[PDB]
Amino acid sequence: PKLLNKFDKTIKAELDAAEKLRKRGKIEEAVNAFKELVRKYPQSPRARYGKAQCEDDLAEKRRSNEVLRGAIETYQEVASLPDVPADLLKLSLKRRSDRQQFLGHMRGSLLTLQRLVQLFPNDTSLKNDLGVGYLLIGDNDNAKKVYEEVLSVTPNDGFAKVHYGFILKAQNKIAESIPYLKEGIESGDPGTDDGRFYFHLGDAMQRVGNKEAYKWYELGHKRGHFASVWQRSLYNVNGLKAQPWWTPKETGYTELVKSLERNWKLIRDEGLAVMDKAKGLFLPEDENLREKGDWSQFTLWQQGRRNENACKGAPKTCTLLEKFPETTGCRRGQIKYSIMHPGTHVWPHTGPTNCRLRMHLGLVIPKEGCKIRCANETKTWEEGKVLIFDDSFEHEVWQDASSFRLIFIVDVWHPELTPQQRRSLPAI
């Protein structure tokens, strides 16, 4: 932690006097002190870094995006001074990149990370941070290149292994991803004890038919990442009643359920008219959840936002649902038609959050061949009837009928969420 250059050593008493104000929680006094030092010693890297750290603390205290933007600029100013110690330069830009990601400036974060790697090309850990940068904007191709270079220099870096494995799995290279995820988690390196990697390791093992999969679910549950071996969502509010199957009465949404069941044929008829006359509005499932088959969805609400063009194709259904904010305001759910054809098998999986319950209304249900398992219980749909399950539990679907199967999916807020939580939880 060598932070002082030749000059900063001669003014260390003034620098320490300012930092002491910051460590003693006197943030506003600290900012003014470091501002004065910056004004008096405009080339001091330690003074400039002190100003940035005080601005950083001030933004936390005030919860101000505008103050944090100021800190992010001051962190950069440190890097442009002459004679900056390498440790100070690294610390300053790293914090800058971190704070850019916090604000959602992912492109800015990436440029900072590319500068850090150009300045310190032998620093493996900075390359790992850059790979994460790419993963956050969904750029799996560039993330993959970065971790390949890291695994070339240091083959047993456990952080690079799990992220490499995560990318392979996301690219549907299931069997290839398993040794990277497994060895990465077993390395115990910092950053590998993460629920995402246990989730995808157990799932890749389930898909290749490896019984060891449930060992990792149980280890993930023992390490605190999963509520149970069955319930493996990662964006959770703790304490919510956890139960695979729900009756209408237990949810308290009886008016919504009665409305769906009383009016189900109207919902069916608008779904069939879209199939027949606007089938381009049904989009294929795009989350790699199928082993095989054809499965498409026509989405009316997503993240609590009404899809206006979609509601032009199902206007009476959209009018009916407007009455029920417990589903239309569910920012962690959707409302959508779901069509599935014969020969379809949906892999076991869970949704991302325990904050919703998922209702299925049967619209066109073949007499045989269609079933849904949630946890250890298999059920089937009925036309005009609502089924309710918590899709944060492992569930699986088969379509082996002789014709198409159409249902209506309505997500509601978990009933035990308070209104404060419903309005403040980030959308998913």
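Residue indices: 1-based, along the sequence shown.
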{"item": "148 to 156 versus 249 to 257 - which carries the larger mean C-alpha B factor in the record", "value": "148 to 156"}
{"item": "Residue stretch of maximal mean CA temperature factor, 362 to 370 vs 25 to 33", "value": "25 to 33"}
{"item": "Residue selected from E326, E287, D269, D87 by maximal Cα B factor", "value": "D87"}
{"item": "Criterion, highest CA B-factor; candidates, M275, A314, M106, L320", "value": "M106"}
{"item": "Among modelled residues of the same chain, the CA temperature factor third for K9", "value": "highest"}
{"item": "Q114 CA temperature factor, ranked by third within the chain", "value": "middle"}
{"item": "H414 CA temperature factor, ranked by third within the chain", "value": "middle"}
{"item": "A17, C-alpha B-factor rank within chain (lowest, middle or highest third)", "value": "highest"}
{"item": "Chain thirds of CA B-factor: placement of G224", "value": "highest"}
